[PDB]
Amino acid sequence: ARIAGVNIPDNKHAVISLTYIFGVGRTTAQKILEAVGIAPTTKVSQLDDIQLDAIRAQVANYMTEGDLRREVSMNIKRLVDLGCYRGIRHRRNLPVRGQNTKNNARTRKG
Amino acid sequence: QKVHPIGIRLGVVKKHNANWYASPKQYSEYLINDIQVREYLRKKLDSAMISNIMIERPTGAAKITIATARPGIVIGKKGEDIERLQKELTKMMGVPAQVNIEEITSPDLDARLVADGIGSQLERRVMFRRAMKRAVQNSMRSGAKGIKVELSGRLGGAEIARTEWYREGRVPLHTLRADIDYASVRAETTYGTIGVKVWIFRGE
Amino acid sequence: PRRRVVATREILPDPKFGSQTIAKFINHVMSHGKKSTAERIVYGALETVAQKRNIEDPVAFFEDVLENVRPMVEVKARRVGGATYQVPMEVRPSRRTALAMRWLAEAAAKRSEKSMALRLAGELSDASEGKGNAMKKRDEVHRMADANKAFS
Amino acid sequence: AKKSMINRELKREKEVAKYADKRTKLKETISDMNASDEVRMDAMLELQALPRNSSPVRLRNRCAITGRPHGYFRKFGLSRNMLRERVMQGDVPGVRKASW
Amino acid sequence: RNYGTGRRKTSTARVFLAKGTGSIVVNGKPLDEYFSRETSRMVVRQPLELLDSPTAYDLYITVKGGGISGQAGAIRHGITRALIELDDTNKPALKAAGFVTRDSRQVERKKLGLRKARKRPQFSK
Amino acid sequence: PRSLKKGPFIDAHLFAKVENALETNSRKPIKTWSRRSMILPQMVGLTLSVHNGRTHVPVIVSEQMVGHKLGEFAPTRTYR
Amino acid sequence: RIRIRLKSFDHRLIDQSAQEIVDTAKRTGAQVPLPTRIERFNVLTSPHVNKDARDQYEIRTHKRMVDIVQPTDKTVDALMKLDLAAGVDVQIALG
RNA sequence: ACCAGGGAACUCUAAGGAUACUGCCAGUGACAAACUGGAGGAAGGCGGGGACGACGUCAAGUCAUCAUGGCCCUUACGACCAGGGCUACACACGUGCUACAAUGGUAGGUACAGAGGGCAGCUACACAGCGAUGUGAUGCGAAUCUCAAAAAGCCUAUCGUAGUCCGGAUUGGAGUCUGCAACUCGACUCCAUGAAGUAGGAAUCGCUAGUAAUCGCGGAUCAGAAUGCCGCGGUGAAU
C-alpha cells in the first residue's frame, strides 16, 4: 500500500508499517487506528482499500513528512540567519543542546 | 599508618568520653557546643597539668567531669577559681552547668600528663633523649606495665627531621583488651614543631 | 593452585529426567544465571530429537551420544629443556565429559536454526550420527595426537 | 579556611534568618490557589526584589571548626577530617568503627 | 502436630507434620500454583521421595521472606526438621543425604574499593 | 525553561530602562549587564548592549527574537 | 495506662535503665524491643588522594517500649522521682 | 510484631549466655608436634566475611582540612560585589554505562525479598492530565503511616535473522518542577526525528562459591543536579 507519497512494505502489521513512514511513529499509528475501525493487529495486505483511504485522511490531518522536513530546515536556517549562539553552533557543527562534550564529542560531526 | 588505639578500644574495653543522647537535628548543635567547650577549657587550663575530660550534657544544664594531677589550684582557695570558670562556662553555654573534679591517684600512669611534661621539656630546650629516658623511667618506677615514647621532627635543631622511639615493657598494640592509653601533644620549639607520642599499657 | 585437593560441590540433578548428566549439561548452556531459560531450551531440544527419532528414552539417547562424543586422548603441552612440544596423554574421566558438553554447546551456538532449542536438537542429531562441527572438533583433537605420537 | 569566607557565610545566613518568615508567608501567598492572579504576581515580584543573599540556596553549610566546604555530614556538622579525628579520640558518642 | 523451622539463605519457613491425606498447601495456596519453577517444586518434594513417603502425612507450609528458589529449600529443610523430630531412625539416612544441614551461604559484604564482593577495577597498560 | 504560570522573568532595572526608552523610541543603545532577562514584544526594534563577559556587544532586537534570553545573542567564549 | 519509651545510644546502658524501671513497679506491686536504626558514615583517612583507604563508622540507636497494666497511685509517682540522665532519654505518652 | 489453636505456642525483633575444644574412634608418624580418614553435630580442623597493617623502603602524597620553622606581600600576593570560567575539542588517553538482539523486543496478566530513609519531610486517597507532575485531603517523628511498585522470573499473542517491532545517539517542537534566576549550563515529560554499532587488531584485566555473570532497591553529599561512590538482597555457574 502507498501512504503519504511513499511505499510501505506489505509483510507486517499496519502499525509497524506506519512506523516506517517518515513523520509517523508507533504511538501515533495506534492513535490513528483507534479512532477508525482498523485494528493494529490486521496486516496491510489483509486490510481493505477503503480502510486505507480513511487512514490516509487521518494521516493527512497530521503534518506530512515533506512539510516536517521543510519546517526543520526552516528552523535551522532561521537560527543561522539570525546568527544567535545556537545558529553559530549549527553552522560550526557543535552540540547546540548543551550536552557535555568533553571527550565523547563524536556524534555531531558525522 | 597506625590506627588510634582509643578508637578501636572504644568498642569493647573502653567507655566513650562523651555519653549523651540527642535527636538528629539536636545532635549537630550539641556536638559543636561540646567541641567548643573542650577547646576553651583546654586553652584556659593549659598551664595546669590536666588529664582527659569526661563531659555529659543532659537536657538544659550540662555536667562536666575533670581529672587533673593538681586539684588544688584548679579548685582555687575555697572554690573561687572553679566558681569563676563556672560563671564563664555558663556564659558561653546555655542553662547553668555544673563541673566536678576527680583526683588522680598517679599522674605518670595517665598518658596525657607525661606527654604534656615532655612537651614542656622540649619547649624549655631540655635534650630530647634525656626527656624520653626520664619520662619512661618514671613510669617503670610508678608501676606502669609498659611505656613507649616516640618523638618526630627536627630534634636538636637538625636540618633533617628524624624519628626516635624508645620502649621499655610489653606494649601490645594489637591486643584490643590491652586498654593502652594514647595521647598526642605538640611542642612549639623555635626551630620547628616537634611531635610527641606516648603509649602507656597498664594491663587488661 | 599448589594446594590440597578438595571435594567438588554436589550437583543438583534435574527434575524431569532425574539425571546428573542432564543438569550438568544445562549448567553450560546457562548464561548470566538464566537457569530457567537453560532448562527450557534443553527440554525443548531433547523433546524435538526424541520425537524425531521415535525413541522412548531421551536420557539414554543422550548418554549414548555423549559417550560417543567424548574424546579418549587429548594432547597436552609440556616443557623440557627449554623446548615446547605436544605430548599425548590419557584424558581424565570427568574431563572427557566436560569437554564433550562444552564442544556440543559451542557448536549449537553456531548452528543455523533460528531458535536455540532447534540448533541444539540438530547438533545432538549430528553428534549421534557422527557428523557436524562437534565431531570434527573431536576428530581434530584426536588428529593432533595421532600426527606425532612420539612422546609418552 | 579563610576567615573572610567564614564571616561571609555567617553574614549570608544572617539575612536568611531575618527573612525566614517573610519568605514563608510570601511563598504561601503565591501558591494560594484562591489568591488573585495580580496579587500572586505582585508577591512574586516582591520575592524577586528581596535581597540577593536572603535565599537559603546561596547558603553552603561548612565545618564549624575548619569551615571546610566539603566532606560535610549533616548529622555531625563536621567535615570528614575533623570528624575522623574526634571519632577516633572518642569524643563522638555512639560512633565507632564499622565492620559487618 | 509436629512443627519445625527451616531457613535457606534468607527465608524462614514453618512446617507442620501430621497424619492425613498428604495434600500440600503453601502460604494458604496450592504448592503447584505457588511455585512457577519445576526445580523449586522438586526441591520441595526432594526429601519425601528419598524414603518413599510422598502422601503419608499432611503438610502445612507458610514461608515469608527471601526469594523463589530459597523458599523451596527452606520448605525442604523444615520438612526434614519435622520428620527428624518425629522419628529418630530416619535422621541417620536423611543425614547421609544432608538435607538436614542448614545452608550457611548468604550474600556477602561488598568490600570497599571493589565493585562487588570480589570484582576489582581492571587496569589496562 | 520556565513554568508558564510564573510568567516571563524580566529584571526590574532593565524593565525600567526599556519602558523609559520606549516612550521616546530612542535609538541609542541601552547598555546592560543582565543577560538573563526575557526579551518581550514590547522591546522589539530598539538596541541594547549586552555584556558578553569582557565587553558589551550591541543587540538590535529583531522580531524573531522574542522567546529568547538576552544572553543568547552575546557569545561568551571566543574560539577561532 | 502510661507508656514509657527509652532511647539510648548505649545498648548496655538501655538494658539497665529498663531493668530499674521494671523493678520499681514490681516492688510497688504494679504489673508491667523495637528495631534499632543503623546508619553508616564514610570518612576518608587520606586527606588528598587514595579514595580506596577509608574508615567506616556506625552508630546504633536503641529504643525500648514498656506497657503498664495498672497505674496505681503509689506506682505513678515513683516514675517522676526516678532520674537517670547523661545518655538516656525518657518519653512518656501519658495516654 | 507474630494468630498454631480472642492466645503467646511459632516467626521476628534485641540484651544475655550454650556449643567447637583435633573433644572422640582408627591409622601414618623420632613413642613428638602434626597430618590422613571416620562418627556425632547446624557447624571440623582458620566454619565464611570484616576490623586490626611490625622494625623499616620509596626525601612516596598532603603548607589548599587543620597546625607550625623559615621566606615573602602589605591603597596589595589582603577585603567585598556583578558578569563570565572551571562545562572550549583537529586529536591521544585510563575508568565505567548502554548495545549490536530470538538465552530476545514489545504487549497483556501473575508472584517471591533484603536492608535503608522520612519535619533542612515521605505522603495513603479524590479529581486534571497521554505523561513528568498539579490542586485538595489524611497518617506518621514511625515494628503503626509512608518512599513502595520489587526486577530477573512464570502463562499467552506476536515479531522470524532483517541495520529489523534491534539500538536510542542527535536534533526540532511542546511542557512540568527546584530555585530570584536554567542563555553559556539543570534532571525529567510527551511527539518526531532513528547515528554508529551485525561481537571487535596487536595486546590486556577480574574472578575458586553463594563467588564470576546477571537484577533491580536504597542511602551520603543535595534547594535541583548519577551510569560514580558506599551498602543491600534474587537468580546463581564452569574450572
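Quick notes on the rules
- Residues numbered from 1 in each chain as written, not as in the entry; some residues may be left out.
- Chains lettered and ligands numbered in written order.
- Part of a larger assembly, values for the part shown.
- Heavy atoms only, no water.
- Residues with missing side-chain atoms left out of burial classes, pairs and counts.
- Patch = residues over 30% accessible without salt bridge, like charges linked within 9 Å, V, L, I, M, F, W, Y side chains within 5 Å.
- Areas by Shrake-Rupley, 256 points an atom, 1.4 Å probe, with all protein chains shown as cover.
- Salt bridge = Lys/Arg side-chain N within 4 Å of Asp/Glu carboxyl O.
- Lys, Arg positive; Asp, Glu negative; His and termini not counted.
- Charge placed at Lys NZ, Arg CZ, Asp CG, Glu CD.
- Helix = DSSP H or I, 4+ residues; strand = E, 2+ residues; numbered from the N terminus.
- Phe/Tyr/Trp six-rings, centres within 6.5 Å; stacked < 30°, edge-to-face > 60°.
- Buried < 20%, exposed > 50% of the residue type's maximum accessible area, 1.4 Å probe, protein only.
- Pairing = 2+ DSSP bridges.
- Axes fitted to C-alpha atoms, helices over the stretch in contact; angles between N-to-C directions.
- Contact = heavy atoms within 4.5 Å.
- Near = heavy atom within 4 Å.
- Polar contact = N/O pair within 3.5 Å; in protein donor to acceptor, adjacent residues only side chain to side chain.
- Nonpolar A, V, L, I, M, F, W, Y, C, P; charged D, E, K, R; others polar.
- Core = buried A, V, L, I, M, F, W, Y, C linked by side-chain atoms within 4.5 Å.
- Buried area = accessible area lost by both parts, 1.4 Å probe.

Caption draft 1: Molecular detail of a negative patch on the surface. Residues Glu 56, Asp 57, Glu 63, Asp 64 and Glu 67 of chain C make up a contiguous surface patch of negative charge. Topologically, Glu 56 of chain C is positioned in the loop between helix 2 (35-53) and helix 3 (58-69).

Caption draft 2: Representation of the packing of aromatic side chains in the model. One pass over the full model with this rule turns up 13 aromatic pairs over all chains. When the ring of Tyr 27 of chain B is compared with that of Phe 76 of chain D, the centres are 5.8 Å apart and the planes differ by 75°; the resulting orientation is edge-to-face. Taken together, the residues span two chains, with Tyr 27 of chain B in helix 2 (residues 24-44) and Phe 76 of chain D in the loop between helix 3 (37-49) and helix 4 (80-89). Centroid distance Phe 16 of chain E to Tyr 60 of chain E: 5.8 Å. Interplanar angle 15°. Geometry classified as stacked. Residue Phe 16 of chain E is located in strand 2 (residues 11-19), and its partner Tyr 60 of chain E is located in strand 5 (residues 57-64); the two are separated by 44 residues in the primary sequence.

Caption draft 3: A look at a positive patch on the surface. Residue and element names in this part refer to chain E. Taken together, the side chains of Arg 7, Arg 81, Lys 91 and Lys 95 define a basic patch exposed on the protein surface. You can see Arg 7 is positioned in strand 1 (residues 2-8). Its relative accessible area of 45% is what places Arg 7 among the partly exposed residues.

Caption draft 4: A look at the sheet that holds strand 2 (residues 47-51) of chain F. All names here are of chain F. The strand order across the open sheet formed by three strands is 1-2-3, and the pairing between neighbours is mixed. One side of each edge strand has no neighbouring strand; the edge strands of this open sheet are strand 1 (30-32) and strand 3 (56-60). Averaged over all adjacent pairs, the angle separating strand axes in this sheet is 25°, with direction ignored. Pairing of strand 1 with strand 2 involves three bridges; the strand directions are parallel. Paired with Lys 31 across the two strands is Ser 49, which belongs to strand 2. Along the sheet, helix 1 (residues 12-22) contacts strand 1 and strand 2; its crossing angle with strand 1, the most-contacted strand, is approximately 175°.

Caption draft 5: Looking closely at the protein's contact with RNA strand H. Taken together, 163 residues are adjacent to RNA strand H, and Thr 28 of chain A, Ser 36 of chain C, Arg 74 of chain D together with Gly 65 and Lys 95 of chain E come closest. One of the side-chain N or O atoms of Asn 61 of chain D is found 3.0 Å from a phosphate oxygen in RNA strand H. Taking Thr 101 of chain E, its side chain carries an N or O atom lying 3.1 Å from a phosphate oxygen of RNA strand H. Split into classes, the residues belonging to the surface near RNA strand H amount to 43 nonpolar, 58 polar and 62 charged.

Caption draft 6: Highlighting the nonpolar core. Grouped together as the largest cluster of nonpolar side chains are 39 residues, with contacts concentrated most on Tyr 27 and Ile 64 of chain B together with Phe 76 and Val 95 of chain D. Of all the elements in the fold, those that place two or more residues in this core are helix 2, strand 1 (50-56), strand 2 (63-68) and helix 4 (80-92) of chain B, helix 4 of chain D together with strand 2 (37-44) and strand 3 (54-67) of chain G. Of the residues forming this core, the biggest block, seven residues, is contributed by helix 2 of chain B. Sequence-distant contacts of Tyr 27 of chain B, that is, excluding residues within four places in its chain, are made with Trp 20 and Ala 22 of chain B, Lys 75, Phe 76, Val 92, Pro 93 and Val 95 of chain D together with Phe 9 and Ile 59 of chain G. One finds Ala 45, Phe 61, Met 101 and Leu 104 of chain C within the second-largest nonpolar core, a separate group that totals 27 residues.

Caption draft 7: Spotlight on the side chain of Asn 52 of chain F. All names here are of chain F. Secondary-structure assignment places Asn 52 in the loop between strand 2 and strand 3. Note on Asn 52: relative accessible area 14%, which makes it buried. If near-sequence neighbours (up to four positions away) are discounted, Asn 52 is found in contact with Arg 35, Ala 74, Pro 75 and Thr 76.

Caption draft 8: The arrangement of the interface of chain D and chain B in detail. In this complex, chain D contributes 19 residues to the contact, which on the side of chain B involves 21 residues. Summing both sides of the interface, chain D and chain B together bury roughly 1700 Å²; the carbon and sulfur share of this comes to 63%. At the boundary of chain D with chain B, the tally comes to two salt bridges. With its nearest N and O atoms 3.9 Å apart, the salt bridge here joins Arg 86 of chain D to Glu 39 of chain B. Applying the counting criterion to the chain D and chain B interface returns five residue pairs in polar contact. No other element matches helix 4 of chain D, which puts four residues into the side of chain D that touches chain B. In terms of residue class, the side of chain D that touches chain B is made up of nine nonpolar, four polar and six charged.

In short, geometric facts, not functional conclusions.
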